[PDB]
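# take a look and give me a structure for this.
(chains A and B, ligands or ions: 3)
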Amino acid sequence: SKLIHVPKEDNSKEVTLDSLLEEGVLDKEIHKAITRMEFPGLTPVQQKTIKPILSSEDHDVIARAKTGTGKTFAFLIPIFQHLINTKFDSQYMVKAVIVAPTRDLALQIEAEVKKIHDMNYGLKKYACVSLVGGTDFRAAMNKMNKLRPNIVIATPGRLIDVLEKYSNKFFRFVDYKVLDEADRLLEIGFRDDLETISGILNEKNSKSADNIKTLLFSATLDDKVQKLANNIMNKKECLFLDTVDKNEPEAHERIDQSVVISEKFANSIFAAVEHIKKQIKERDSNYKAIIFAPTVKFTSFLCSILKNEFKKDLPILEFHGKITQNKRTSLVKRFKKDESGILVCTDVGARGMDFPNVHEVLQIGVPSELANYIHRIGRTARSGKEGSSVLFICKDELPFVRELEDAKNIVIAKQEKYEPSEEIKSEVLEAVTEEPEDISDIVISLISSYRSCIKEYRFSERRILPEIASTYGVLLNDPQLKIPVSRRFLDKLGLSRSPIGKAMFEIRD
DNA sequence: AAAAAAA
Ligand SMILES: Nc1ncnc2c1ncn2[C@@H]1O[C@H](COP(=O)(O)OP(=O)(O)O)[C@@H](O)[C@H]1O
Ligand code: BEF
Ligand SMILES: [Mg+2]
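Numbering: from 1, shown residues only, chains lettered A, B, ... in the order given. Ligands and ions are numbered 1, 2, ... in the order given. Let me share the structure:
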């Protein structure tokens, strides 16, 4: 369809709750709720989104705004407004459906809705139910029946599982569709589900198949999403709202970025520990940080080290997809509340998760996708606070830092090399209690992980994978050693006819 | 065998 740009404007008349109230856009009850949150003033994207999202019964909406700049309320407020605008029509039906790439994010958005509810008990009538995977279906549906929610937040899969069973009962009158972190939801493995959801909701709707308004939000998107969103967009023209200049980088300016480069990938483990150690001393245990890792196993493994190396000083929270949803929710709450501590996680906590007052965002290795570099370091410097970011890598990963400059215009001015002392190496290797068999899996996971993103990050397959592989030897403290595997397994890997596979592995059946 | 996400 037709895309209409609305570029960033420096000379723009401000927008406030009071103005939007006096202008008649916002009813008193939502104003009352948002004002009590005692924000200085509406963030750019909020000022730019609210009126348009409510404005025409036509145009779809895309909105780009940097991390932690209030993109949530930027659509949660208009929704509530729309709910107030139609309180006598279909008062027991879902009118707004919000979708998010992870469960914790969905639950977080739900919690935000609950905050809105908390700031004004008059808005509790507009009930809200979350539909995410890893929780009891029956209970969720019991909640659905009980409350008759006007707002649903969900993850695609469970939402499909709900729709295929109860599309007629709750979802026959949706008017708004919200894709938070829209770009991720349009990636492979998500897009089909979103297209399915879109199809079902459009098919089921009573007024028309083009009734629903679609809202796309993310810190990272371009026009190339609209080509990917074409099948889920209904309206004839799309409203692109951008709080960022076209040339300007998507990364947040207030983030103090740096990158530590090592000879080997394993070294980055030593660099991170030495860095954290320095911070705890200089900050007197007043340290709140998030550290990212490529895989679940490397996360869990890194957690062991950090626990052995820093549990005297701080709490170490392990956070990844293989954690049960209860533990995830609880630890998320704890890290949200706690003043200090270290959150060791995969990319489950890369997008959208708002942990207040995080000092530093560390990264061992590279993200699952280029864009997720922006989101990762986005976990800090949120809501007007300052923040720092450190990227721990080795030379064989440097083509990634280059691709950060080429694609996203992101330049890390602060670079420096790193080589570990024998002391720190001894200290860390002493902190490893994992058997060789486990180390094997841990490194293999990294091999598999880094293999998948070679084409994406411009890596040299012949140079990168053996480096990742030698980690095994480094951890077992025998550099010349190779990972012991069976021929059939290496054949499953498909590297049996490769010099690399021979260079990284030792067939020991 | 490799974030996440449907069991
Ligand atoms: N208008 C505002 N002024 C100041 N802080 C805000 C405002 N709106 C939201 N926030 C804060 O921003 C934090 C995270 O914002 P979020 O909605 O996650 O932004 P994004 O989705 O763009 O990352 C929340 O803790 C919230 O309290
Ligand atoms: F809305 Be964002 F993903 F916090
Ligand atoms: Mg964000």
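
# tell me which parts of chain A are close to ligand 1?
Within reach of ligand 1 by CB under 6 Å from any ligand atom, chain A has these residues: A:39-40, A:42-43, A:46, A:65, A:67-73, A:352, A:354, A:356, A:382-383. In this view, the C-beta of every residue, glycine as well, is placed from N, C-alpha and C.

# try it again with 8 Å
Residues of chain A found near ligand 1 (CB under 8 Å from any ligand atom) are A:34, A:37, A:39-43, A:45-46, A:65-74, A:108, A:112, A:180, A:217, A:219, A:352, A:354, A:356, A:378, A:382-384.

# among the residues you listed, which lie within helices?
Among the residues of chain A next to ligand 1, DSSP state H puts A:34, A:45, A:46, A:73, A:74, A:108, A:112 in helices.

# next, count neighbours for the third one.
So the one you mean is residue A:46. Residues lying near residue A:46 (other CB atoms under 10 Å) number 27.

# which residues are in contact with the residue nearest to it when sequence neighbours are not counted?
Once flanking residues are discounted, residue A:46 sits nearest to residue A:74: 4.5 Å by CB to CB, 6 or more residues apart in numbering. The contact partners of residue A:74, by CB atoms under 8 Å, 6 or more residues apart in numbering, come to A:43, A:45, A:46, A:49, A:50, A:63, A:65, A:217.

# returning to what we had before: near ligand 2, which of the ones in helices among the residues of chain A next to ligand 1 show up?
residue A:108.

# most neighbours among the ones in helices among the residues of chain A next to ligand 1, please name it.
Neighbour max across these (other CB under 10 Å) = residue A:46, 27 neighbours.

# hmm, stretch A:128-141 touching ligand 2?
No - remark: stretch A:128-141 sits outside contact range of ligand 2, by CB under 8 Å from any ligand atom, the gap being at least 15.0 Å.

# can you list the residues of the stretch 251-400 of chain A near DNA strand B?
A:294-297, A:320-322, A:346-348, A:350-351, A:368-369, A:372 (CB under 7 Å from any atom of the strand).

# repeat that for 10 Å
Within the stretch 251-400 of chain A, the positions near DNA strand B by CB under 10 Å from any atom of the strand are A:292-300, A:319-323, A:325, A:328, A:345-351, A:367-372, A:375.

# next one: the stretch 401-509 of chain A
Residues of the stretch 401-509 of chain A lying near DNA strand B (CB under 10 Å from any atom of the strand): A:441-453, A:489, A:492-495.

# try it again at 6 Å.
A:444, A:445, A:448, A:449, A:451, A:452, A:492 (CB under 6 Å from any atom of the strand).

# any part of stretch A:169-181 near DNA strand B?
No - against DNA strand B, stretch A:169-181 shows no contacts by CB under 6 Å from any atom of the strand, the least distance being 9.1 Å.

# chain center to that stretch: distance?
On the basis of CA atoms, centre = their mean, to the nearest Å, stretch A:169-181 sits 21 Å off its chain's mean C-alpha point.

# next one: stretch A:403-420
21 Å.

# can you select the buried ones among the residues of the stretch 401-509 of chain A next to DNA strand B for me in ChimeraX?
Selecting the buried subset of these in ChimeraX, with 16 or more other CB atoms under 10 Å as the burial test, is done by:
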select /A:444,445,449,451
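
# can you pull up the most central residue in chain A?
residue A:351 (1.2 Å; CA atoms, centre = their mean).

# contacting residues around that residue?
For residue A:351, the contact set (CB under 8 Å, 6+ apart) comprises A:101, A:102, A:105, A:181, A:184, A:372, A:375.

# among those, which ones are buried?
Looks like those have A:101, A:102, A:105, A:181, A:184, A:372, A:375 buried, using 16+ other CB under 10 Å.

# now flag whichever of those residues is closest to DNA strand B.
Of all those, residue A:102 has the smallest distance to DNA strand B: 4.0 Å, by CB to the nearest atom of the strand.

# give me the number of residues near residue A:501?
For residue A:501, the tally of surrounding residues (other CB under 10 Å) stands at 19.

# separation between it and residue A:469?
To residue A:469, residue A:501 is 10 Å away according to CB to CB, to the nearest Å.

# following the one helix or strand residue A:373 maps to, which helix or strand comes up?
Following DSSP states H and E, one finds residue A:373 within helix A:371-376. Per DSSP H and E, helix A:371-376 leads on to strand A:387-394 as the next helix or strand towards the C-terminus.

# go through the next helix or strand after that following strand and flag the buried ones.
Beyond strand A:387-394 on the C-terminal side, the first helix or strand identified by DSSP H and E is helix A:398-408. Residues A:398, A:399, A:400, A:401, A:403, A:404, A:408 are the ones in helix A:398-408 that count as buried (16+ other CB under 10 Å).

# contact partners for the fifth one?
Residues touching residue A:403, when contacts are defined by CB under 8 Å, 6+ apart, comprise A:370, A:456, A:457, A:458.

# and of those residues, the nearest to ligand 2?
Nearest to ligand 2 among the contacts of residue A:403: residue A:370, at 17.3 Å, using CB to the nearest ligand atom.

# once you drop chain neighbours, what's closest to residue A:113?
In this structure, residue A:113 finds its nearest non-sequential neighbour in residue A:128, 4.6 Å apart by CB to CB, 6+ apart.

# the one you found is in contact with residue A:153, isn't it?
Yes - counting by CB atoms under 8 Å, residue A:153 is a contact partner of residue A:128 at 7.1 Å.

# helices and strands around the helix holding residue A:373, which ones?
Judged by 3 or more CB pairs under 8 Å, 6 or more residues apart in numbering; DSSP states H and E, the packing partners of helix A:371-376 are strand A:360-364, helix A:398-408.

# is it true that residue A:342 touches residue A:285?
No - at 11.2 Å, residue A:342 does not count as touching residue A:285 under the criterion of CB under 8 Å.

# more neighbours, the two?
For residue A:342 versus residue A:285, the count of surrounding residues by other CB under 10 Å is larger for residue A:342: 26 against 14.

# follow-up on the earlier one: which of the buried ones among the contacts of residue A:351 sits closest to residue A:417?
residue A:372 (25.3 Å; CB to CB).

# quick one: that closest one and residue A:346 touch, right?
No - using CB under 8 Å, residue A:372 makes no contact with residue A:346, being 10.6 Å away.

# next, the closest residue to ligand 1 within the stretch 201-350 of chain A: phi, psi?
Closest residue of the stretch 201-350 of chain A to ligand 1, CB to the nearest ligand atom: residue A:219 (6.4 Å). The phi and psi values for residue A:219, taken as degrees, to the nearest 10, are phi -80, psi -20.

# okay, the residue nearest to residue A:358 when sequence neighbours are not counted and residue A:337: tell me how far apart.
Spatial nearest neighbour of residue A:358, excluding adjacent residues (CB to CB, 6+ apart): residue A:380 at 4.5 Å. Going from residue A:380 to residue A:337 by CB to CB gives 17 Å.

# mind checking which of those two has more residues around it?
The neighbour comparison of residue A:380 against residue A:337 (other CB under 10 Å) goes to residue A:380, with 26 against 9.

# ok, now which ones touch the more buried one?
Contacts of residue A:380 (CB under 8 Å, 6+ apart): A:255, A:290, A:358, A:359, A:360, A:361, A:387, A:388, A:389.
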